[PDB]
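Take a look at this single chain, the form deposited in one PDB entry, given in C-alpha cells.
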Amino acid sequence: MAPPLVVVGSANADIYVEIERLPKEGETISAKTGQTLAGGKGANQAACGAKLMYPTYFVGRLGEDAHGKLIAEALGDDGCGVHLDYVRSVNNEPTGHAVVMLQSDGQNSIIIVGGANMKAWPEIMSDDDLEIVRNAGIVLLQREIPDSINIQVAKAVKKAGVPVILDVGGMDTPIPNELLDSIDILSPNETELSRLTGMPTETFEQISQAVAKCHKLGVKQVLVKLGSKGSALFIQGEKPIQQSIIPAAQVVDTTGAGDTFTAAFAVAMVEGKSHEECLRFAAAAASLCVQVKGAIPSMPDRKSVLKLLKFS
C-alpha cells in the first residue's frame, strides 16, 4: 500500500444508559434502555482513517474480555478494516470503558475506567511496536494513554522524520514539555487549548494568543478545532490558515466530530494534499459525521467525502 496512518492510543467500550435520574447511594434503578458501543479516541481516529480507505494501523491495549472483543470486531476485517496487528490483549486488566449516564433532566454524568488503556502498556515500548511507527506515513496520538508512551513514540518517529499529531483530548493534566517538543502538530479544541494555556478563548483574537503561548513552548503547528465556528491551522512560520464548516442538512449527533476531523485531516496530509485541502477534506468528513448518530457508526466512507467536496 502506502505509508500507513498509525494511530497509537485508546480504545473504549462506551456504555450508554438512558436514566430518569442518577440513583441515590444504596439505590437500584432501571434504565429506559442502553447500548454499548466501540469507542475511545484512538479507535475512533483509526476507524475514521480506515473508512477513508487509507491503510491504517491501530496500536493499543485491550483486556481479554467482551469489550476487548467488541473493539476488535468493530475495527477489524469484519468492520472498519483497521489493521490490528499491533494491538495486544492482557489478562490482568479490563478493556477501558466508560459508563455514560444520560439523565432525563437533560444532564449527563460519566464514569471512566482507564483499564488497559492506562495500565497495560509496557514500561519501555517494544521494538515491534516502535517498528510500525517508524514505518508510518503519519502518527496520530491522543491523551487517553500514559504520556510516557506518547513520548516514546514521538521520539522514535522524530528520529525517523515521520510527522506526529497530538490530539489534546483526554486527561486534564499539563502536557510534558518533552512531549510538546517531540510532536509536529498539536490539536486542541477551544476548551482544551484554554485549560492548556490558562488563557481565555472566546474570540479569535485571544485564541490566537494562547496559540502563541503554544508556539513558545516548542510547538511548530497548532490545529485548533472550533466546533460550529470551523477550525484554524496555525503554523509558527505563518499566520492562521482558516476553514469554516461545511453545513450539515441535519445535525443529529456531534459525537465523534473531533476525532473524525483529526483523522480525516491526517489522511489528507499523508495523501500530500495542501493545507487548505487538508482542512476542507477534514471539514467535509466531520460534516458528514455529525449527520448520523454514533461515533464510529457515523463515519463517512471516502466516496461520500469526495462527493461532498465537489460542491462549491
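Here, rigid core means the biggest group of C-alpha atoms that superpose within 1.5 Å across both forms. Throughout, we count residues from 1 along the sequence that is shown.
Student: Identify the stretch, either 123-131 or 147-155, whose C-alpha atoms have the larger mean B-factor according to the entry.
Tutor: Stretch with the greater average CA B-factor: 123-131.
Student: If you take the mean CA temperature factor per stretch, which one wins between 206-214 and 109-117?
Tutor: Mean B over CA atoms: larger for 206-214.
Student: Name the one of 79, 237, 137, 161 with the greatest CA B-factor according to the PDB entry.
Tutor: The record points to 237.
Student: Maximum C-alpha temperature factor per the entry, among 55, 39, 60, 26, belongs to which one?
Tutor: Comparing C-alpha B-factors across 55, 39, 60, 26, the top value belongs to 26.
Student: Which third of the chain holds residue 298 when residues are ordered by C-alpha B factor: lowest, middle or highest?
Tutor: Middle third of the chain for residue 298's C-alpha B-factor.
Student: Test of reading the entry: by CA B factor among the chain's modelled residues, which third contains residue 253?
Tutor: It belongs to the highest third of the chain when residues are ordered by C-alpha B-factor.
Student: Test of reading the entry: by CA B factor among the chain's modelled residues, which third contains residue 32?
Tutor: For residue 32, the deposited C-alpha B-factor lands in the highest third.
Student: Hey, what third does residue 93 fall into on Cα B-factor, ranked over its chain?
Tutor: Ranked within chain, residue 93 CA B lands in the lowest tercile.
Student: Could you place residue 165 in the lowest, middle or highest third of its chain by Cα temperature factor, using the values in the record?
Tutor: Lowest third of the chain for residue 165's C-alpha B-factor.
The form deposited in another entry is left out here; the points below concern that form.
Student: Taking only shifts of 2 Å or more in Cα after a rigid core superposition between the shown form and the other one, tell me which of 177, 148, 108, 209 qualifies.
Tutor: Single hit from the list, 108.
Student: After fitting the rigid core, is the C-alpha of residue 21 off by 2 Å or more between the shown form and the other one?
Tutor: True for residue 21: a C-alpha shift of 2 Å or more.
Student: Just checking, between the shown form and the other one and with the core aligned, does residue 30 shift 2 Å or more at the CA?
Tutor: Comparing forms between the shown form and the other one, the residue 30 CA shifts at least 2 Å.
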